[PDB]
Amino acid sequence: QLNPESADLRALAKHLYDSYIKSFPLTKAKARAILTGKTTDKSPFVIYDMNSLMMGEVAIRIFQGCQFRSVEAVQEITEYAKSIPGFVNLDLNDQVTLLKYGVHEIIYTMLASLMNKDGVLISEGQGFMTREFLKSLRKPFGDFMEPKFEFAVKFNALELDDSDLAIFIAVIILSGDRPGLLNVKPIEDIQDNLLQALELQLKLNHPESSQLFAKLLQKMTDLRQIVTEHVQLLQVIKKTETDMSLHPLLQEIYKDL
Amino acid sequence: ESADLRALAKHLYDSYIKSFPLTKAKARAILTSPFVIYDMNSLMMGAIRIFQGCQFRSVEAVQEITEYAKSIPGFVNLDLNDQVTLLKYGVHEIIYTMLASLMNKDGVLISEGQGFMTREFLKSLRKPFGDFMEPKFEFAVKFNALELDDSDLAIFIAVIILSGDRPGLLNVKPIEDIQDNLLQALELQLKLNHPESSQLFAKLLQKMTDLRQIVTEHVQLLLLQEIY
Ligand SMILES: O=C1O[C@H](c2cccc(O)c2)C(c2ccc(Br)cc2)=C1O
Ligand SMILES: O=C1O[C@H](c2cccc(O)c2)C(c2ccc(Br)cc2)=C1O
């Protein structure tokens, strides 16, 4: 049986899972059900070429649409972060820094829930845009999404569920090694609890899965490379597409990342 | 299983001690006596000439790490191409990991610890050289705060080598199988050696994220020429 210390972690796991469900309208559970045909009511329209894209309704237009759903996810992530115990008690400046650096890493984590090896759910699951079609977009927009797919397919082999992911994206937000943090110790103390709660969660939920905890934390290096690679591509786009406007919310996040 | 994990941890420590002349235990006592380089004048008595010497020492380290890799149980039984890929893509990560052992926030040991070059001097070198080592110092500061010792680093290092995500690997299965074993051994080791540092295993794994960022940044910024 468990002790009282484990007991507080289960309650923390429960609270975070609960807030996750309340902040993200499209869970992995819903996304996998749509992707695998648990559907007849949840079947998505598939976008795989020019006419199907138009029927669902070029490269810049898709990009602008990705950006603004991405801004929407910033709001959801920020809403979730407020529910992480201790986060809103932290110094305000550090709240911003943690969101600044953590938000994209979470966006790509959750994006993975929306993907299989052949495409990505869009518009809260009503559409599905193939990976082949995204890669066919004119340079360099065709290169935007492939590294997320390569990651998603490796990350999705961990077979995490929403109860696991809830704590994992909390651990991401609460990183003490973020640049420019005023007070690192309170951040680390919260992540230590989160790391304990994730570890027990993975042992109970995936008891046959050896060292899943460690393999999940190692995926954090993938996320950083995705973000670091996406920032580079964005810098190229701005220079060659001088007439393409980026969101100031995202502007402020990339600024000196 | 725990008996196995200790055997592996001891085996790796033994090998690490054999393979690496300047251990963390030694470097730290030295850092607390070496010839100090702080000045153009002081370097003389001790920018391109310094980068090349770092290149020399790194080639030296690549050989120590190679020898150490081959003591890792199962490593030599991997596909020969996979052994080459793992070392190729892993040595940069190991070198900066172990360079942290020779670093404090003020400088880095050099030449078996015979010398000490200061962070401030290295920062003063003309572009792009002055900005080569600053991100390694930032990294070593946060890494050394974990207070790992040589018995901890020997398993951590082996973990880095057995990374199943290096590009071009042919048989990823035994690599992840071995690393899984190493990860267990590291987790147990950090619990016994640091029973008071909560979640030190997790925090150490997270440091791989900074490590790889550092290596990529260093790559971008980057008969005699044949050797290097
Ligand atoms: O491949 C895509 O990446 C976009 C994306 C990236 C990151 C997060 C997200 O929610 C969507 C995205 C997307 C999502 C919705 C809309 Br409308 C347009 C593009 C893709 O099709
Ligand atoms: O033996 C070494 O040669 C390098 C070196 C140091 C000082 C002057 C020099 O010409 C070469 C050098 C070195 C240079 C940069 C960094 Br950083 C770490 C070591 C050694 O350890």
Side-chain angles (χ1 to χ4, degrees), chain A residues 1-24 27-29 79-91 94-95 98 102 106 109 158-177 183-220, chain B residues 1-3 5-6 145-148 152 180 183-207:
Chain A
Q1 195 65 292
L2 72 167
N3 55 68
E5 330 301 306
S6 306
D8 287 304
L9 303 172
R10 296 315 290 162
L12 174 56
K14 208 204 284 322
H15 163 76
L16 288 161
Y17 183 47
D18 200 65
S19 330
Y20 173 101
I21 289 186
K22 295 171 175 173
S23 312
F24 301 111
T27 58
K28 184 169 187 176
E79 207 205 271
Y80 180 67
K82 288 207 284 196
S83 83
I84 300 174
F87 173 87
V88 295
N89 317 141
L90 298 176
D91 193 82
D94 287 356
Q95 282 177 240
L98 293 184
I106 294 164
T109 296
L158 296 191
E159 298 188 329
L160 303 178
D161 59 39
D162 295 291
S163 69
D164 306 314
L165 290 159
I167 323 172
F168 176 57
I169 73 186
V171 169
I172 289 178
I173 291 163
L174 270 287
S175 307
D177 289 346
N183 289 337
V184 166
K185 189 81 218 131
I187 289 160
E188 297 191 306
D189 295 335
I190 300 169
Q191 197 198 61
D192 192 318
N193 248 35
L194 296 172
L195 285 162
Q196 290 182 45
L198 178 62
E199 175 174 58
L200 184 55
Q201 166 72 10
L202 296 182
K203 270 192 231 144
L204 310 174
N205 203 13
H206 314 264
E208 298 312 315
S209 211
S210 175
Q211 286 285 322
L212 177 54
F213 186 47
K215 297 151 132 294
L216 175 54
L217 297 165
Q218 293 177 335
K219 291 293 157 313
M220 293 182 74
Chain B
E1 176 66 81
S2 182
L5 305 186
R6 309 259 59 219
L146 295 195
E147 314 201 325
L148 302 186
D152 307 329
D180 171 88
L183 288 157
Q184 304 182 236
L186 178 66
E187 176 171 43
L188 188 64
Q189 158 75 12
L190 296 172
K191 270 159 190 184
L192 291 149
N193 199 16
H194 307 262
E196 75 301 342
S197 187
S198 182
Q199 294 300 320
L200 191 286
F201 187 52
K203 295 173 190 168
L204 169 63
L205 297 183
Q206 287 184 111
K207 292 297 184 303

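All heavy atoms count here, side chains included; hydrogens, waters and symmetry mates do not. The sequence lines fix the lettering, A, B, ..., with proteins before strands; numbering per chain opens at 1.
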Participant: Any chance NZ of A:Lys215 has more than 12 other-residue heavy atoms, nucleotides or ligands included, within less than 6.0 Å?
Facilitator: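 Open.
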Participant: Answer yes or no: does atom CD of B:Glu196 have more than 12 heavy-atom neighbours from other residues, nucleotides or ligands under 6.0 Å?
Facilitator: yes
Participant: Drop me the distance from A:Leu90's CG to A:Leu98's CG, to the nearest 0.5 angstrom.
Facilitator: 6.5 Å
Participant: Over 60° means perpendicular and under 30° means parallel, so tell me whether A:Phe24 and A:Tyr80 are parallel, tilted or perpendicular.
Facilitator: tilted
Participant: Do B:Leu200 and B:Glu147 have side chains that approach each other closer than 4.5 Å (heavy atoms only, starting at C-beta)?
Facilitator: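 Side-chain contact under 4.5 Å: no.
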Participant: Please tell me if the side chains of A:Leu158 and A:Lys219 come closer than 4.5 Å, counting only heavy atoms from C-beta onward.
Facilitator: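 Yes. Closest side-chain heavy atoms under 4.5 Å.
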Participant: Which atoms form the tightest heavy-atom contact between A:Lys28 and A:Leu160, and what is the distance?
Facilitator: NZ-O, 2.8 Å
Participant: Looking only at non-hydrogen atoms, find the nearest pair between A:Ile106 and A:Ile169 and report the distance.
Facilitator: CD1-O, 3.8 Å
Participant: Which pair of non-hydrogen atoms, one from A:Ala197 and one from A:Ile167, has the smallest distance, and what is that distance?
Facilitator: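 Shortest heavy-atom separation between A:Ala197 and A:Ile167 comes out as O-CD1, 3.7 Å.
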Participant: Quick check: closest heavy atoms across B:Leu188 and B:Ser2, and the distance to 0.1 Å?
Facilitator: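 Heavy atoms of B:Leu188 and B:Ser2 come nearest at CD2-OG, 3.6 Å.
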Participant: Which atoms form the tightest heavy-atom contact between A:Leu194 and A:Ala170, and what is the distance?
Facilitator: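 Scanning both residues, the minimum pair turns out to be CD1-O, 3.7 Å.
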Participant: Hey, are A:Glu5 and A:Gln196 close enough side-chain-wise for a donor-acceptor pair under 3.5 Å?
Facilitator: no
Participant: Under a 4.0 Å threshold between the charged nitrogen and the carboxylate oxygen, would A:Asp18 count as salt-bridged to A:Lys22?
Facilitator: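 Salt bridge between A:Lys22 and A:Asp18, a charged N being under 4.0 Å from a carboxylate O: yes.
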Participant: For A:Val184 versus A:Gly176, what's the shortest heavy-atom pair and its separation?
Facilitator: CG2-O, 3.7 Å
Participant: Would you compute the distance between atom CG of A:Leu9 and atom CG of A:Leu198 and round it to the nearest 0.5 angstrom?
Facilitator: 10.5 Å
Participant: Under 3.5 Å, is there a donor-acceptor pair between the side chain of A:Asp94 and the main chain of A:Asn183?
Facilitator: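 Judged by distance alone, yes, a pair lies under 3.5 Å.
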Participant: Can you tell if the side chain of A:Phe87 reaches within under 4.5 Å of the side chain of A:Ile190, non-hydrogen atoms only?
Facilitator: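 Not touching, per the 4.5 Å side-chain cut-off.
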Participant: Looking at CG of A:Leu195 and CZ of A:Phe213, how far apart are the two atoms once the value is rounded to the nearest 0.5 Å?
Facilitator: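 Interatomic distance, A:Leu195 CG to A:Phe213 CZ, rounded to 0.5 Å: 5.0 Å.
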Participant: Could you give the distance from CG (A:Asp164) to CG (A:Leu204), rounded to the nearest 0.5 Å?
Facilitator: 10.0 Å
Participant: Less than 4.5 Å apart, any side-chain heavy atom of A:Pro85 and any of A:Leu12?
Facilitator: yes
